[PDB]
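A note on names: the letters A, B, ... follow the listed sequences, proteins ahead of strands, and every chain is numbered from 1. Atoms considered below: every heavy atom in the structure, side chains included; atoms not considered: hydrogens, waters and symmetry mates.
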Amino acid sequence: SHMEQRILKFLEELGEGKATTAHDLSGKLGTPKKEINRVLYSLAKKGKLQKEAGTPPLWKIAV
Amino acid sequence: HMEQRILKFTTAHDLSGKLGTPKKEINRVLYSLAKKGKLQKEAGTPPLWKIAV
Amino acid sequence: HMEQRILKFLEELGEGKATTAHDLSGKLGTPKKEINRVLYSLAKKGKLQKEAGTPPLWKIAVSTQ
Amino acid sequence: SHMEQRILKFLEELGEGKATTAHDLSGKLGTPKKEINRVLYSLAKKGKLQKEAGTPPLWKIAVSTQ
DNA sequence: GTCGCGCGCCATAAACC
DNA sequence: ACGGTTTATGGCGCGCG
């Protein structure tokens with residue numbers, strides 16, 4: 001929920017309909033993709049984030 | 001719709017009758033929900049459950 | 001080699017009906033890790049189609065043209 | 001079942017207070033990770049091994065319980 | 001009768017930079 | 001005498017009869 005917050009913050013910042021990727025997040029936060037992804041996927045089951053299947057997947061805030 | 005009802009309503013095996021749902025499906029929404037911080041798993045055999053206030 | 005086995009096995013099942021990687025793992029006498037490894041490789045090669053689920057169901061790839 | 005014996009042996013031959021992952025046991029023992037974990041988890045219930053929390057879990061020969 | 005399991009995941013090939 | 005490092009649905013925690 002700290003790093004969940006780093007990520008959520010960043011998404012909300014970066015546009016209001018925008019998406020992004022684990023690789024993008026990882027750069028803009030000096031964090032291994034593994035970590036970013038650990039949290040992105042957690043957040044998704046929690047209903048918080050919305051994921052668009054793809055190579056790589058695209059992540060945006062949900063309702 | 002399950003997540004919703006699961007809330008309004010103990011064991012998963014015991015949840016299969018009250019809502020008429022296969023145990024698999026209940027254990028799914030349980031472990032998920034406790035991962036959402038809302039529920040909380042007790043160590044029984046089988047495991048027991050209760051809404052974390 | 002293991003691929004054409006799975007395919008061959010997905011022929012003798014009647015068009016429409018699908019199967020799981022556990023099921024295959026038994027029938028074909030092969031560890032599930034290898035089965036799935038190959039299954040996911042055939043779907044991506046086009047030969048097969050994956051119907052994501054719990055567990056996922058696998059059948060011959062169906063043209064959508 | 002000489003799998004238990006082989007793993008306990010490997011975890012002993014690794015050193016004092018030292019741990020390792022099941023992926024690693026499967027590698028060296030040349031044994032499917034499926035069986036390795038089935039067994040690892042088994043030895044932990046029997047009390048012989050302890051499972052350190054992690055991703056993945058780390059294992060080592062127990063040192064506390066009776 | 002615990003069990004939620006979706007798992008292929010690299011003893012990797014290809015792709016990036 | 002030389003392409004090192006990251007990706008992939010790569011998140012994996014899995015042991016399940």
Side-chain angles (χ1 to χ4, degrees), chain A residues 3-4 7 21-23 25-27 31-46 49 51-59, chain B residues 2 11-16 21-36 39 41-49, chain C residues 2 6 20-22 24-26 30-45 48 50-58, chain D residues 3-4 7 21-28 30-45 49 51-59:
Chain A
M3 179 56 88
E4 310 186 79
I7 292 167
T21 69
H23 170 275
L25 263 31
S26 155
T31 301
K33 184 157 65 71
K34 198 153 173 180
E35 255 297 304
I36 296 298
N37 274 315
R38 259 166 181 142
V39 181
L40 286 169
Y41 285 86
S42 160
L43 286 174
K45 289 285 190 71
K46 293 185 180 178
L49 278 185
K51 180 256 273 180
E52 159 168 347
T55 298
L58 288 172
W59 302 87
Chain B
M2 173 78 274
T11 305
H13 143 83
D14 179 54
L15 266 330
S16 300
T21 311
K23 196 184 37 47
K24 190 155 150 73
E25 229 286 90
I26 297 290
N27 272 325
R28 190 174 292 152
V29 184
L30 292 197
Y31 280 83
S32 162
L33 199 63
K35 198 173 71 151
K36 296 187 185 178
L39 230 202
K41 205 185 83 164
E42 215 77 75
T45 169
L48 325 167
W49 309 79
Chain C
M2 181 69 234
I6 288 175
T20 68
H22 187 228
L24 299 191
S25 193
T30 299
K32 206 157 61 64
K33 179 195 203 80
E34 183 172 335
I35 292 310
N36 266 326
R37 173 138 183 67
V38 150
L39 283 185
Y40 276 81
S41 185
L42 302 183
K44 172 175 213 179
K45 272 181 187 193
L48 275 183
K50 181 192 61 176
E51 284 194 322
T54 293
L57 293 161
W58 297 85
Chain D
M3 193 56 246
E4 305 197 335
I7 272 167
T21 71
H23 178 270
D24 184 55
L25 274 318
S26 182
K28 304 298 207 330
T31 308
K33 194 161 64 64
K34 183 173 195 147
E35 197 190 326
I36 293 293
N37 278 318
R38 194 193 76 242
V39 172
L40 283 184
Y41 278 76
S42 194
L43 307 179
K45 220 160 177 190
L49 294 180
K51 162 182 154 156
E52 302 195 310
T55 306
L58 291 150
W59 305 84

Looking only at F:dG10, E:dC9, E:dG6, the nucleotide nearest the A:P57 side chain is F:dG10
Phosphate OP1/OP2 of E:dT2 contacted by B:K24 side-chain N/O (<4.0 Å): no
Between F:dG11, E:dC3, E:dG8, which nucleotide gets closest to the side-chain atoms of B:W49? E:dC3
So what's E:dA11 paired with, Watson-Crick or G-U wobble, going by both distances under 3.5 Å? none
With rounding to whole Å, what would you report as the distance between F:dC2 and F:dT6 at their P atoms? 24 Å
C:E34 with C:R37: basic N within carboxylate O range, under 4.0 Å: no
Within a strict 4.5 Å, meaning less than it, do heavy atoms of the D:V39 and D:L25 side chains meet? no
Please measure how far the P atom in E:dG8 lies from the corresponding atom in F:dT7, and state the result in whole Å. 23 Å
Distance check, rounded to the nearest 0.5 Å: A:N37 atom CG versus A:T31 atom OG1? 11.5 Å
Please report the distance separating the P of E:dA11 from the corresponding atom of E:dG6, rounded so that it comes out in whole Å. 24 Å
Touch check for C:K50, heavy atoms < 4.0 angstrom, all strands: base, sugar-phosphate only, or nothing? base
Rounded to the nearest Å, what distance is computed from the CD1 atom of residue C:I35 to the P atom of nucleotide E:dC5? 21 Å
Worked check of side chain to side chain contact (heavy atoms under 4.5 Å, CB included) between D:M3 and D:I36: CA-CA 8 Å; D:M3 193 56 246; D:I36 293 293; 3.5 Å; yes
P atoms of F:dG10 and F:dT5, separation to the nearest Å: 22 Å
Taking the minimum atom-to-atom distance to the side chain of C:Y40, which one of E:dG6, F:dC12, E:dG4 wins? E:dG6
So B:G44, base contact, sugar-phosphate only, or nothing? Heavy-atom distance under 4.0 Å. nothing
Under a 90° cut-off about 0 for the syn range, is F:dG10 syn or anti? anti
Is the base of E:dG6 syn or anti, if syn means a glycosidic angle within 90° of 0? syn
Compare the minimum distances between each of E:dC10, E:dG4, F:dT7 and the side chain of A:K33, then state the nucleotide with the smallest one. F:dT7
Specify the separation, in whole Å, of atom CG of C:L24 and atom P of E:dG8. 12 Å
What nucleic acid atoms does A:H23 come within less than 4.0 Å of, heavy atoms only: base, sugar-phosphate, or nothing? sugar-phosphate
Return the value, rounded to whole Å, for the distance between atom CG of A:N37 and atom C1' of F:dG13. 15 Å
Nearest whole Å is fine: how far is F:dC16 P from D:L40 CG? 12 Å
What's the closest nucleotide to the side chain of D:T55 if the choices are F:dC12, E:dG8, E:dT2? F:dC12
Closest of E:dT2, E:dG4, F:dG11 to the A:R38 side chain is F:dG11
What's the base orientation of E:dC10: syn (chi within 90° of 0) or anti? syn
Intermediate values then yes/no, side chain to side chain contact (heavy atoms under 4.5 Å, CB included), A:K45 and B:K35: CA-CA 9 Å; A:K45 289 285 190 71; B:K35 198 173 71 151; 3.5 Å; yes
In whole angstroms, how far is the P atom of F:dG13 from the CD atom of A:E35? 13 Å
When all nucleic acid strands are considered with a 4.0 Å heavy-atom cut-off, which category describes D:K45: base, sugar-phosphate, or nothing? base
Any side-chain donor paired with an acceptor under 3.5 Å for A:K51 and A:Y41? no
Checking base pairs now: Watson-Crick or wobble, both atom distances under 3.5 Å. What partners F:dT9? none
Taking a positive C1'-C2'-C3'-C4' angle as north and a negative one as south, how is the sugar of F:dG4 classified? south
Distance from A:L40 atom CG to A:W59 atom CH2, nearest 0.5 Å? 5.0 Å
May I have the distance from C:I6 (atom CD1) to E:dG8 (atom P), rounded to whole angstrom? 12 Å
